[PDB]
J.: 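Have a look at this one.
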Amino acid sequence: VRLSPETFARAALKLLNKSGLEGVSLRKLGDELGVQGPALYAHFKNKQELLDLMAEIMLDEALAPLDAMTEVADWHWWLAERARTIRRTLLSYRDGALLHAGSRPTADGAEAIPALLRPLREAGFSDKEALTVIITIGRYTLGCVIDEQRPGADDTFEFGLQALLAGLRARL
Amino acid sequence: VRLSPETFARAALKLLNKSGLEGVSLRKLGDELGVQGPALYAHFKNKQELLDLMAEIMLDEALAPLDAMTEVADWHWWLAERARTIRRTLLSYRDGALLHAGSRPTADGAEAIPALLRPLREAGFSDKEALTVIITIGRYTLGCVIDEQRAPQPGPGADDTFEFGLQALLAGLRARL
Ligand SMILES: Cc1ccc2c(C)c3c(c(O)c2c1O)C(=O)[C@@]1(O)C(=O)C(C(N)=O)=C(O)[C@@H](N)[C@H]1C3
Ligand SMILES: Cc1ccc2c(C)c3c(c(O)c2c1O)C(=O)[C@@]1(O)C(=O)C(C(N)=O)=C(O)[C@@H](N)[C@H]1C3
Ligand SMILES: [Mg+2]
Ligand SMILES: [Mg+2]
């Protein structure tokens, strides 16, 4: 396979559904790559660098339709749909919320933040507040997903989502 | 030591801080208790029952001052302080948020929920809404703590980010009164 971060991270996402977060590491992934294993380290210094890219790709795949939208008229709806999409996506992956927890944007992901914030800026949120809104909504969703897992949940999720969104509206 | 679940679960919290959540299980707790280990199985049907009790004890210790408040007139302040206290507490234990994720009240902990909800009922929340408010605030705090644990990053940082969402969430809840 081509030696690129995304190709390796997408192979690791396959390994995640197969073996869980426990079965995902640089060594463990290099083992699933054969002669190409050692190339993994040129792009990821540690497990967390790999998990950051996996986490970003996992949610990019599901949020792409919302990311492509131009001149979003209703930031409330748009943010709510982001959260619902994140929740559905994390629930769809084995250890999805565990993989996401602690992740941060990659360099290429961070370059996409200005576009991500534009619907909120057009709504009246400052650039600084718009980013805090994004981080907060993702963390509320992450907390719901990781807790609702147990070896009503929908109602409780939207109850808190709508309250959060109403409180943000009061800030404008 | 005395053969009670609370003594067993508090020993398991020592194991959590020592070895992390991977070092916590019925078998490993039995090893820690030595000759008294087999007694734990009369009190916990499965690992999750142990984790449920640990998760309650962990936070009860820190929430006790807030739980003792009577005629709480400022439910906003009270709930905000509960969230801040949970956040501080979960961050103070090794794998604290991971231990907590997925836990549910025990029988004896559930008996305390009516008292937990009093400030919220007195503010005008129904019994169902008040419980949902508790769940929501704790899940928000859980998501923050679990995501905080990990160089310059975008945004204002964990404290300001946590408070931003807490205050927004509390304002939205106040809006349905
Ligand atoms: C310190 C720091 C800085 C920045 C972060 C950013 C930009 C995101 C995330 C972060 O966690 C961050 C973070 O922790 C997420 O997790 C997202 O998944 C998310 O929350 C949402 C959303 N709420 O719509 C998205 O649009 C996604 N694109 C992800 C953007
Ligand atoms: C499905 C269901 C039902 C009920 C739950 C309850 C009552 C709590 C918790 C739950 O998770 C629940 C849950 O999941 C917690 O986790 C708490 O730690 C919490 O959130 C707060 C708080 N917000 O003040 C507390 O005061 C604590 N005492 C814990 C009470
Ligand atoms: Mg994130
Ligand atoms: Mg809980």
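Below, chain A is the first sequence line, B the second, and so on; all start at residue 1. Every heavy atom of this structure was used, including side-chain atoms; hydrogens, water molecules and symmetry mates were not. In listed order, ligands and their atoms are each counted from 1.
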J.: Please say whether more than 12 non-hydrogen atoms of neighbouring residues, nucleotides or ligands are located less than 6.0 Å from CZ in B:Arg104.
T.: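 Result for CZ/B:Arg104: enclosed.
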J.: Using modelled atom types only, decide if a donor and an acceptor are shared between the side chain of B:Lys47 and the backbone of B:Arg27 within a distance under 3.5 Å.
T.: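 No, because the side chain of B:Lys47 does not come within donor-acceptor range (under 3.5 Å) of the backbone of B:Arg27.
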J.: Does A:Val1 share a hydrophobic cluster with A:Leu29, counting links as ILVMFWY side-chain heavy atoms below 4.5 Å and allowing steps through other members?
T.: yes
J.: Check the hydrophobic clustering (I, L, V, M, F, W, Y; side-chain heavy atoms under 4.5 Å; chains of links allowed) and say if A:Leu79 and A:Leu172 are grouped together.
T.: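 Linked, A:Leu79 and A:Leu172 end up in one cluster.
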J.: Taking side chain as C-beta onward, heavy atoms only, is A:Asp52 less than 4.5 Å from B:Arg150?
T.: yes
J.: Tell me the protein N, O or S atoms under 2.8 Å from the Mg ion (ligand 3), in chain and number order.
T.: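 Under 2.8 Å from the Mg ion (ligand 3) - ignoring waters, which are not counted - the protein N, O or S atoms are A:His100 NE2.
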J.: Donor-acceptor pairs under 3.5 angstrom involving side-chain atoms of residues 60-68 of chain A: please list them, not counting sequence neighbours.
T.:
from: A:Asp67; atom 1: OD1; to: A:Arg82; atom 2: NH1; distance (Å): 2.9
from: A:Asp67; atom 1: OD1; to: A:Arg82; atom 2: NH2; distance (Å): 2.7

J.: Using atom types as modelled, flag every donor-acceptor pair under 3.5 Å from a side chain in residues 158-167 of chain B to any protein atom, sequence neighbours excluded.
T.:
from: B:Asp159; atom 1: OD1; to: B:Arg87; atom 2: NH1; distance (Å): 2.9
from: B:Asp159; atom 1: OD1; to: B:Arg87; atom 2: NH2; distance (Å): 2.9
from: B:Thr161; atom 1: OG1; to: B:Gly157; atom 2: O; distance (Å): 2.8
from: B:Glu163; atom 1: OE1; to: B:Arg84; atom 2: NH2; distance (Å): 3.0
from: B:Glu163; atom 1: OE1; to: B:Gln167; atom 2: NE2; distance (Å): 3.3
from: B:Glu163; atom 1: OE2; to: B:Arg84; atom 2: NE; distance (Å): 2.5
from: B:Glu163; atom 1: OE2; to: B:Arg84; atom 2: NH2; distance (Å): 3.4
from: B:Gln167; atom 1: OE1; to: B:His76; atom 2: NE2; distance (Å): 3.4

J.: Among A:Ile134, A:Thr132, A:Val133, find the residue that satisfies the side-chain contact (heavy atoms from CB on, under 4.5 Å) test when tested with A:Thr136.
T.: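 The single option meeting the side-chain contact (heavy atoms from CB on, under 4.5 Å) with A:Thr136 is A:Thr132.
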J.: If the criterion is any heavy atom closer than 4.0 Å to an atom of ligand 2, which residues make the list?
T.: A:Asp147, B:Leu59, B:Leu63, B:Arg82, B:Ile86, B:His100, B:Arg104, B:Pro105, B:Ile113, B:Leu116, B:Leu131, B:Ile134, B:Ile135, B:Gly138, B:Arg139
J.: If we ignore hydrogens and angles and just use 3.5 Å, is the side chain of A:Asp95 paired with the main-chain N or O of A:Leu21 as donor and acceptor?
T.: yes
